[PDB]
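A short write-up of the structure that comes next.
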Protein chains: 4
Amino acid sequence: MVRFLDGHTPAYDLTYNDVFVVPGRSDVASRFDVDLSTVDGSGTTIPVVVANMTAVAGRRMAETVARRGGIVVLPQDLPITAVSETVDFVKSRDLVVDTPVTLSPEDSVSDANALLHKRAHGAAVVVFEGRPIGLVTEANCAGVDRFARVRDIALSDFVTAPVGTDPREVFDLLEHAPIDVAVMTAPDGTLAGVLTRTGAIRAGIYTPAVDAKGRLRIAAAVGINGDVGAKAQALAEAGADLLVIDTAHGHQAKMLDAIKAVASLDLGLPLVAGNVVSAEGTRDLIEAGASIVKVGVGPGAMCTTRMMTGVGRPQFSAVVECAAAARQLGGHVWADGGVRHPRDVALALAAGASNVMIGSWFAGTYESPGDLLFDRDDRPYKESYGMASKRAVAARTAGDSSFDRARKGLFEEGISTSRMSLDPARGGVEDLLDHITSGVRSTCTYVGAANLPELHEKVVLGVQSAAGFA
Amino acid sequence: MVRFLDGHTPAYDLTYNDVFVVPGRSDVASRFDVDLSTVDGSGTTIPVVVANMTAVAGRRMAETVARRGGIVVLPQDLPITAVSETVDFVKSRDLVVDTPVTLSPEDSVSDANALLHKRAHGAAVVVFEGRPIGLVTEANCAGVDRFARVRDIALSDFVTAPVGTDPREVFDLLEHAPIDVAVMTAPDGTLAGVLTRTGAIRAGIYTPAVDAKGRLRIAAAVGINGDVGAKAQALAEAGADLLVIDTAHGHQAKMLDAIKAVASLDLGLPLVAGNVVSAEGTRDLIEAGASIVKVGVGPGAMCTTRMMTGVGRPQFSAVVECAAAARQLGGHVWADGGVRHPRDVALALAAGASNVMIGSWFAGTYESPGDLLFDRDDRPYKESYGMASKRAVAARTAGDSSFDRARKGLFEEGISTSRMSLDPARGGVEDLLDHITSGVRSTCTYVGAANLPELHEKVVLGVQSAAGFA
Amino acid sequence: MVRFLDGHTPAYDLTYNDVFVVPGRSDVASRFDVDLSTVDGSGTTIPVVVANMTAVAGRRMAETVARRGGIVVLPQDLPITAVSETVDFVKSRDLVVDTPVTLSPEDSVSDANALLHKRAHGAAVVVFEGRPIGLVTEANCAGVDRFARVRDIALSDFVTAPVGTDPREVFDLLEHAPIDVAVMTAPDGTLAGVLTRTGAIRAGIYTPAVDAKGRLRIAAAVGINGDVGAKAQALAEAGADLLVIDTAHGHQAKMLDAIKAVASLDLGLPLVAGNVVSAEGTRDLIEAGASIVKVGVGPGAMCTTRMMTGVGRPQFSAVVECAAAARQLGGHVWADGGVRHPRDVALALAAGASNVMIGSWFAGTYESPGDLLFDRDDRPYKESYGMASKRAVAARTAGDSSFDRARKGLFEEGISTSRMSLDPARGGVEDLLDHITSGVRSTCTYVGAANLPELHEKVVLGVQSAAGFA
Amino acid sequence: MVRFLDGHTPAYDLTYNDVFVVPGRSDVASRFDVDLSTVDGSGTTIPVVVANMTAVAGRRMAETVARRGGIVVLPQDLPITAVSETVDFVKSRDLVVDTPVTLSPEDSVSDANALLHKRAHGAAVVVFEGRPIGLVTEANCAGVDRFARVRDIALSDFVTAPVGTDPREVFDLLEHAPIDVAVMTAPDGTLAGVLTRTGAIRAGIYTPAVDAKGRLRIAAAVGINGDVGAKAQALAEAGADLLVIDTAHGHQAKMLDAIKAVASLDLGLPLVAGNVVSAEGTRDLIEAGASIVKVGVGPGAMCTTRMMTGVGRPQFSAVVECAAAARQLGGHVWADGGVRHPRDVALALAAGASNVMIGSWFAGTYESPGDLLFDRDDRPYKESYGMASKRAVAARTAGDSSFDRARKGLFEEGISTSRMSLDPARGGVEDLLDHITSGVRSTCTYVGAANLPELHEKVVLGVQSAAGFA
């Protein structure tokens, strides 16, 4: 139970802007002494979970996030064949070495430039008959003709190492190298992958989230319509480690029926359901058979949902109430409030959530499946909720005649596309993960907690007026 | 009675920004299962009522809103002959087929272009000896000389159908048509009207608001000065289905006298009176003989009325108090707070109002009586409270000498003209009605209410601080 | 005592933005039935008092405000000879006819143009041997050479009338006149003054504030330093009807001594003292012998005083407390909070103040003593707290050596000059008085009060959160 | 204990924007009757203390602030030799005459121009064989060739006086001088220093803060890592009058150990420790042996610390609680909230703090160690937290291998450089000190306190809503 300062008993619900953490006595000497592992059974070693948004949940996203201890949920409308392919690709990745962008010496320079932005490494490795022959950077290919080929651009001077060497040794090798990328190769000499100098440190900081067979974890979502049981069984057979039953309004008859149908199969996977913002809804979802309840409905005071309907709840009070209700029954809750700062993750963990769902914030990253765009000032940006609308209408395309599609489409708003600018200092999602984990670790050291359960047990909170925001 | 979360007992009055709806358990599968019909005796099938503003309350407005289940109140100062003409025109319209813009082949192309914007259809039908001969669109007439005529512009290729055919068939016919407008014709072959492809769906979604004789409903307002009884009797004889006695300050001796005078005639129509913001005023207006009390005085914290006088009340608390007071006596209340988002309509219905009055928001539509204007960036806009001031001074023109007109005009502010921009995606008022009804239906599904009485009975509300708006 | 809605008991002090008036039952048919006369013994017929600011308190200001029922306080540092001259000039004015700008036919056209802006009439009357010979307008003199004279510009076609004729007749005469100014002349035929067509109505609306001898009233301020008794006696002998002892911090030993010294003389005039924001200070000032207590210290949350020192109080709570304390002893209070909207005057009167002090708001008027300036966009503006600083340092100039002047001047901020733009529709102060009185009368009709005592006795107030300002 | 108005019991923590001071009865005739001396044993005569920030804590800063009664804390990472040199330089300065910028006649004019901005005097004195030969101003050197020398620019007409003359006489001598700088010289005729005409008044207003030997006071900071005892002993031997043990999070085991280690040496100096925001932390720090507790953690609602971690406390409530806790044990507290207006200093003193720490606000001054920069509009500005980052990484440079430096540097944000513009009217820090002391003295006169203890004993405070900030 979250403790509050004496006399702090507001007559209203609290947002993240209404509360602050009071520093306690702390024995935690450094941020590295803090263990961020979660206990909700999701197997993540960091509290960050990536939302099942088409503009965010890519295969590159899944690999990169799972390697650092997070987990990514695949969108519900992805075809089962694509789901199986993505799961196999993710579970075939290495736990330490990142999968690089690779190029044959015959591809156009323009295609190489376009593919260069698909990863945070900033350099591609040219491959010939399965062997690496040179590196190519942005500045190298940028100064050549539009119709030039890769062959006469790559430079053969690059650092290389066998797989399995100590990442500290890779860091030492790259100290004076002109390029921050070392190529790791199998003992057969075939291309195995690349390590960035920062990646060697990250491999020591972050523990990968792996299943019982030592492969990277991944999750998949299901809709509340159709044969939910068959879809859940198919996804479980495809190798998904966790299932999310997602709808805009949990705590309705269809969700209870879907949760019962999925639980009857006894797949043995953790089952996530949401969203709800009340203790009664959390109790109903847990009794129906869900193990984890996803929390959050119309969180913002000026969000689309609340401006359309007036329905919602401030995130902090909802998370507190739902976490208390779930812990009463031995369940766990996920915060799905639309995190935008590390403060939100820290406060959600303090309120009692076991994990935090991050959505459009990760859209503005290289590893997101969307293509890179440039503004008038050539600043890189990506469109959140852009082409993904097609997938939504795909769920309508399988439905009835165009008459019913237009009838259902009458009471629907236009696409809420958003310009997510990429941070030049934090273009890669690993930088955002570093930012968030740094904030959480600092919060734990301020409270004096060695782990998240201690953070929830020992935190003290106070309430501030709006006048401090003037 | 509206229920509030435990401990939510503020020491102040609440606006729409101070409250939110908490989702309950819901059996409502879809938004189409929700019945939006009102019980206040006004006969509307949607809670939307259009305010008696000269810049909004047109005959096109009345027809279009009444066809979709709303109702429009005519301004108080309209002459009785114009009132009778408008009532006859509205009650001669068809319940399904919309009245199109029509042109003879001899009118100038410029006049056709000017008239094209008077409806949301975007195309006019050329008529000769009562028969349709072709369609004309914006792009067709835009590419021709300023002095060209309609004759040599119209194209004879258009879809046509007899009146009374299934709107689904009209939708099917228009699927591959180059123009989204089908011409419906009487069996005699004379022009009967047009259906837009969206109109065919809307005719299945919305039930028209009709009187006992099956004609579209309309209402008219009366002032509190002069012979109120004679004016009310004249308007009732003209065929108005509902009477609104309107003044800026209800709960005064003149309003009580006027309500008594109108009720003494026993016209049998519902009688609306306002505005008041207190339970005592609602009780007085109901006891005087009013059936419906219109609520709202200086709603906004920075409105003209409150900046001039400091008089007003936040809309939510006023609506709650007045609705409780009226339901104690078996009356009903209308919310006249100046709706700007569907959230306001939903919250007004939750507070206990039976209907909602919408004013200047509908000014920026094609069907509004004002003429279209274009900004420097050629964006379409209309002037709210523009030429309508003349009508106001018309009430002064019938009065005393210019000396008294200037004396009374000394303590009066200038005209509060406003630039209401037209939404390119929602240029027609039917799009705004779709927006509002979508918001209300979503609110009902979130609460789990099949109808508005259930919405008022089952809603749960919470209070938020201002800090969430930072 | 101000009544509040049930449960409205805030744990903080209230500003004007925190409160609203709730409309009561009202028998007041029209705004003209409301009597705005004050009972504090100041003799004003409207609650407006003009602050003793050098940039505002001019002789034109005093005449124009006193004619409409207000009163103006002369600055404390004005020399006694100038005070006597201004008092004689004000008390020699006519109660109905305004003193016009007059020109001899030999003055330069440029000087005529410069003097034209000194009054709201917009036209000057050329005088020769004490007789009027023609009118001159802005547009007439604007189209002529920079060195032209008045003689060959004036037009002899103007409306004229004897003094004492009914203002309604003057209104009738001016109805079709090309110029809105009628020249009133004594029976000897000498120039007596002018009436603007609006002035004829204002003369029927507003009752002038006159002393026992039927001359216009005026007040003068004294400082708390030096021989306060001698200065007060000199000002009383000069004919000032009311004395204001003013300092930035009332409720200090020097103020008590000064009030005792002035009261010992038994001049028989009302005595104003301030400022204080506490009941204890009001009691002390009244017991010392003051009849009226001026209320307000650092009213704004971001004013200079509060940003410098953190000292102040919200205006509404201070006025309520001080008015209650003063009425306990039979005194009265003046609100000196820096009015900027008519809402502030209405709320100050509702809280219990008998009069309201208006300062820099009136600076942006023609009748203010400052000269007209024009921005880059040629918009007219005036500098509040501009040259007046000299007068302040004049109080330092009479003091000690330049060493002490610099020593005292070390702990002083720079001049807080402000750009007060003139409203094109309200360039004259009479328009601002009309605005304020219209707001107050509307408030009285909403409450249902025929006079200010009834307004204080019957008003009901509520409290709103800050969320309504989002 | 701070007293609050009746009924003011908020359910939240208060910032400086939430509270105001209510004027009491006051016998303090003038601001000069107020004694600003502190009782915390730091020996300052004004409550201003300068933070140990590299961008602020310079030797010029230390001299100028100590001469006016303040004190400056040297950064923790400054080498001990530089600390000793700075302490000797500060303790060799004169108590009245300021150390001028001096130039030999052979230096380039460009170097003279660059050095001219290092002091607020605005003029340099050319020295030859230890004797003054002329003055040089900005305008003089600005109109000459880029390669010109000082020799042929200096003007020999300057005012001179022997050291020890009455500052009033120096003021009199400078009254009609063309240059506001008088050169004070030893009886041997060698250059001793300069007095600005304002400095002569300031020398009478401000009493210098001096140790038992009559030399200017200075303080030095220590880190919580390494051998804290050895560093403290070295700094005490170097002549530092006060020691500050500083870390971002006080109330942790390492701080308790460091305080115990420093107190065991029994150096006899006052010991400052922070930061904490709770009474428990203050009690722990005092019991460990600290004499003064520095208060403030994440003060702003949108500061970097709170946006990263959600950890902090509003400054007012924290200062009140910590001051009460410390006075219970006979300690004192310093407010380290990031002062930006004199209101903050006054409110911190009212809450119960004995001194106030001022940081980046003083960065935008001539005496700050940073170099002057000019914006596009040639406005002078300085970079707060610019090159100082190097010093931080210097603490990392002495550490482990580059691997550990990068590992620790992963969880660190970029430099928070800020553009601190220099006020043209307040370019020198003495002007800012005058501003702050004027605000504090005005607060004391409003409360009616002759000294800071009376200010804390007699102040009355009220609480305001956020609505006043609209």
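We name chains A, B, ... following the order of the structure tokens; residues begin at 1 in each chain, and ligands are numbered from 1 as shown.
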Taking only C-alpha atoms into account, produce a table as CSV in which each residue of chain D with an atom at most 12 Å from an atom of chain B appears once, together with its shortest atom pair and the distance in Å to one decimal, ordered by chain and rising number.
```
residue,atom,partner,partner_atom,distance
D:301,CA,B:470,CA,10.5
D:302,CA,B:470,CA,10.3
D:465,CA,B:466,CA,10.8
D:466,CA,B:466,CA,8.7
D:467,CA,B:466,CA,9.6
D:470,CA,B:302,CA,10.3
```
Could you write out that same residue set with C-alpha atoms as an mmCIF file, in the first residue's frame?
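Contents of again-v2.cif, freshly written:
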```cif
data_model
loop_
_atom_site.group_PDB
_atom_site.id
_atom_site.type_symbol
_atom_site.label_atom_id
_atom_site.label_comp_id
_atom_site.auth_asym_id
_atom_site.auth_seq_id
_atom_site.Cartn_x
_atom_site.Cartn_y
_atom_site.Cartn_z
ATOM 1 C CA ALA D 301 7.588 20.708 -10.637
ATOM 2 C CA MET D 302 9.210 20.517 -14.094
ATOM 3 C CA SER D 465 -5.358 29.087 -5.129
ATOM 4 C CA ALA D 466 -3.887 28.662 -8.597
ATOM 5 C CA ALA D 467 -6.791 30.604 -10.131
ATOM 6 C CA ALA D 470 -4.799 32.849 -14.832
#
```
Quiz prompt | Nearby residues (only C-alpha atoms) at most 6 Å from stretch 102-109 of chain D, same-chain spacing under 4 positions excluded, as a PyMOL selection string | solution = chain D and resi 124-127+148-151
Quiz item: Quick one: residues within 12 Å of residue B:320, only C-alpha atoms counted, chain neighbours fewer than 5 positions away excluded, as a PyMOL selection string?
Solution: chain B and resi 1-3+13-16+277-279+282+295-296+313-315+325-327+332-335+347-354+456
Practice problem: Would you kindly return, as a count of residues only, each protein, DNA or RNA residue with an atom no farther than 10 Å from any atom of residue A:272, considering only C-alpha atoms and excluding same-chain residues fewer than 2 positions away? | Solution: 23
Practice problem: Run DSSP on the backbone of this structure and report the residues of stretch 265-454 of chain C it assigns to strand (DSSP E or B), as a PyMOL selection string. | Solution: chain C and resi 271-276+292-295+311+332-335+355-358+373-374+380-384+418-421+451
Exercise. Would you mind listing what lies within 8 Å of residue B:118 as number ranges by chain, with only C-alpha atoms counted and same-chain residues fewer than 6 positions away left out?
Key: B: 101, 366-367
Write out, as a PDB file, in the first residue's frame, the residues just selected, with N, CA and C atoms.
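New file again-v5.pdb:
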```pdb
ATOM      1  N   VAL B 101     -30.498  21.520 -54.427  1.00  0.00           N
ATOM      2  CA  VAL B 101     -30.361  22.780 -55.144  1.00  0.00           C
ATOM      3  C   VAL B 101     -30.712  22.551 -56.606  1.00  0.00           C
ATOM      4  N   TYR B 366     -22.702  24.477 -43.938  1.00  0.00           N
ATOM      5  CA  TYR B 366     -23.331  24.899 -45.184  1.00  0.00           C
ATOM      6  C   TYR B 366     -24.790  25.278 -44.970  1.00  0.00           C
ATOM      7  N   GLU B 367     -25.513  24.497 -44.167  1.00  0.00           N
ATOM      8  CA  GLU B 367     -26.945  24.698 -43.995  1.00  0.00           C
ATOM      9  C   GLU B 367     -27.288  25.915 -43.147  1.00  0.00           C
TER      10      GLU B 367
END
```
Can you tell me, as a compact mmCIF listing (two decimals) with N, CA and C atoms, in the first residue's frame, which residues in stretch 218-304 of chain A count as alpha helix (DSSP H) by DSSP?
```txt
# COMPACT_ATOMS: atom_id res chain seq x y z
N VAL A 228 -11.84 -16.76 -30.41
CA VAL A 228 -10.68 -16.37 -29.63
C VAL A 228 -9.86 -17.58 -29.22
N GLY A 229 -10.53 -18.70 -28.91
CA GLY A 229 -9.80 -19.89 -28.50
C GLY A 229 -8.90 -20.43 -29.59
N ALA A 230 -9.41 -20.50 -30.82
CA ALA A 230 -8.60 -21.01 -31.92
C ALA A 230 -7.40 -20.11 -32.19
N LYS A 231 -7.61 -18.79 -32.16
CA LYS A 231 -6.51 -17.86 -32.38
C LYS A 231 -5.46 -17.99 -31.28
N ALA A 232 -5.91 -18.11 -30.03
CA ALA A 232 -4.97 -18.26 -28.92
C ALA A 232 -4.17 -19.55 -29.05
N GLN A 233 -4.84 -20.65 -29.42
CA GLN A 233 -4.13 -21.91 -29.59
C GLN A 233 -3.12 -21.83 -30.72
N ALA A 234 -3.50 -21.19 -31.83
CA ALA A 234 -2.57 -21.03 -32.94
C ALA A 234 -1.36 -20.21 -32.54
N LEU A 235 -1.57 -19.11 -31.81
CA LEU A 235 -0.45 -18.28 -31.39
C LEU A 235 0.44 -19.01 -30.41
N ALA A 236 -0.15 -19.78 -29.49
CA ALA A 236 0.66 -20.56 -28.55
C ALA A 236 1.48 -21.61 -29.28
N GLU A 237 0.88 -22.26 -30.28
CA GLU A 237 1.63 -23.23 -31.08
C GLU A 237 2.75 -22.57 -31.87
N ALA A 253 -19.13 -8.12 -21.17
CA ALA A 253 -19.46 -9.53 -21.29
C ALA A 253 -18.57 -10.24 -22.30
N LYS A 254 -18.28 -9.59 -23.43
CA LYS A 254 -17.47 -10.24 -24.46
C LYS A 254 -16.06 -10.53 -23.96
N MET A 255 -15.48 -9.62 -23.18
CA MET A 255 -14.16 -9.89 -22.61
C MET A 255 -14.19 -11.05 -21.63
N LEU A 256 -15.22 -11.12 -20.78
CA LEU A 256 -15.31 -12.24 -19.85
C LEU A 256 -15.42 -13.56 -20.60
N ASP A 257 -16.24 -13.59 -21.65
CA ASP A 257 -16.37 -14.80 -22.44
C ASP A 257 -15.06 -15.18 -23.11
N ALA A 258 -14.35 -14.20 -23.67
CA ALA A 258 -13.08 -14.48 -24.34
C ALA A 258 -12.03 -14.99 -23.36
N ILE A 259 -11.95 -14.38 -22.17
CA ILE A 259 -10.99 -14.82 -21.17
C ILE A 259 -11.32 -16.24 -20.72
N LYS A 260 -12.60 -16.53 -20.51
CA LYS A 260 -12.98 -17.89 -20.13
C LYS A 260 -12.61 -18.89 -21.22
N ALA A 261 -12.86 -18.53 -22.48
CA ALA A 261 -12.53 -19.42 -23.59
C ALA A 261 -11.03 -19.69 -23.66
N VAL A 262 -10.21 -18.66 -23.48
CA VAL A 262 -8.77 -18.85 -23.56
C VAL A 262 -8.27 -19.66 -22.37
N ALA A 263 -8.78 -19.37 -21.17
CA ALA A 263 -8.34 -20.09 -19.98
C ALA A 263 -8.76 -21.55 -20.01
N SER A 264 -9.89 -21.86 -20.65
CA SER A 264 -10.34 -23.25 -20.72
C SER A 264 -9.33 -24.13 -21.45
N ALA A 279 -11.52 -1.19 -9.50
CA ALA A 279 -11.24 -2.41 -8.74
C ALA A 279 -12.21 -3.53 -9.10
N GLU A 280 -13.48 -3.19 -9.32
CA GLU A 280 -14.46 -4.19 -9.69
C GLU A 280 -14.10 -4.85 -11.02
N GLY A 281 -13.68 -4.06 -12.00
CA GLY A 281 -13.28 -4.63 -13.27
C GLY A 281 -12.06 -5.53 -13.15
N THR A 282 -11.10 -5.13 -12.31
CA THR A 282 -9.92 -5.96 -12.09
C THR A 282 -10.30 -7.28 -11.45
N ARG A 283 -11.19 -7.24 -10.46
CA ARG A 283 -11.65 -8.48 -9.83
C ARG A 283 -12.36 -9.37 -10.83
N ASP A 284 -13.22 -8.79 -11.67
CA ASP A 284 -13.93 -9.60 -12.66
C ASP A 284 -12.96 -10.23 -13.66
N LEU A 285 -11.99 -9.46 -14.14
CA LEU A 285 -11.04 -10.00 -15.11
C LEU A 285 -10.17 -11.09 -14.50
N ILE A 286 -9.78 -10.93 -13.24
CA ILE A 286 -8.97 -11.97 -12.59
C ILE A 286 -9.80 -13.22 -12.35
N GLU A 287 -11.04 -13.06 -11.88
CA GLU A 287 -11.90 -14.22 -11.64
C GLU A 287 -12.22 -14.95 -12.93
N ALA A 288 -12.34 -14.23 -14.05
CA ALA A 288 -12.57 -14.89 -15.33
C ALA A 288 -11.40 -15.76 -15.75
N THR A 304 -8.08 12.14 -26.93
CA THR A 304 -9.18 11.97 -27.86
C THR A 304 -10.38 11.30 -27.20
```
Exercise. Please measure the separation of atom CA of residue D:91 and atom CA of residue D:359, giving the value in Å to one decimal.
Key: 22.9 Å
Quiz item: Can you list, as an NGL selection string, every protein, DNA or RNA residue that comes within 8 Å of residue D:342 when you count only C-alpha atoms, leaving out same-chain residues fewer than 4 positions away?
Solution: (:C and (307-309)) or (:D and (346 or 435-437 or 439-440))
Keeping N, CA and C atoms, export the residues of the selection given above as a short mmCIF file (atom, residue, chain, number, x, y, z; two decimals), in the first residue's frame.
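Now in result-v4.cif:
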```
data_model
loop_
_atom_site.label_atom_id
_atom_site.label_comp_id
_atom_site.auth_asym_id
_atom_site.auth_seq_id
_atom_site.Cartn_x
_atom_site.Cartn_y
_atom_site.Cartn_z
N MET C 307 6.34 39.99 -6.30
CA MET C 307 7.57 39.40 -6.82
C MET C 307 8.80 39.95 -6.11
N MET C 308 8.74 41.19 -5.62
CA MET C 308 9.86 41.74 -4.88
C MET C 308 9.91 41.22 -3.45
N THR C 309 8.77 41.15 -2.77
CA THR C 309 8.75 40.91 -1.33
C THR C 309 7.90 39.73 -0.89
N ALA D 346 13.04 36.07 0.52
CA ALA D 346 12.23 36.54 1.64
C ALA D 346 11.38 35.43 2.23
N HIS D 435 19.30 44.36 -5.31
CA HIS D 435 17.93 43.95 -5.59
C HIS D 435 17.40 43.02 -4.50
N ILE D 436 18.17 41.98 -4.18
CA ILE D 436 17.73 40.98 -3.22
C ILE D 436 17.58 41.59 -1.83
N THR D 437 18.58 42.38 -1.40
CA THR D 437 18.51 42.98 -0.08
C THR D 437 17.39 44.01 0.01
N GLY D 439 14.51 43.74 -1.56
CA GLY D 439 13.32 42.94 -1.35
C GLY D 439 13.19 42.44 0.08
N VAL D 440 14.29 41.95 0.64
CA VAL D 440 14.25 41.42 2.01
C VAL D 440 13.94 42.52 3.01
#
```
Self-check item: Neighbour list for residue B:402 as a PyMOL selection string, cut-off 12 Å, only C-alpha atoms, skip fewer than 6 positions in-chain
Solution: (chain B and resi 393+396+408-409) or (chain C and resi 168+171-172+174-176+197+201)
Practice problem: Measure the distance from atom CA of residue D:394 to atom CA of residue D:421 in Å and round it to one decimal. | Solution: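 Those two atoms sit 27.7 Å apart.
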Quiz item: Hey, can you check how far atom CA of residue C:196 sits from atom CA of residue C:160?
Solution: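 Those two atoms sit 11.8 Å apart.
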Quiz item: So which one's closest to residue B:371, B:331, B:298, B:178, B:58? Using only C-alpha atoms, please.
Solution: B:58
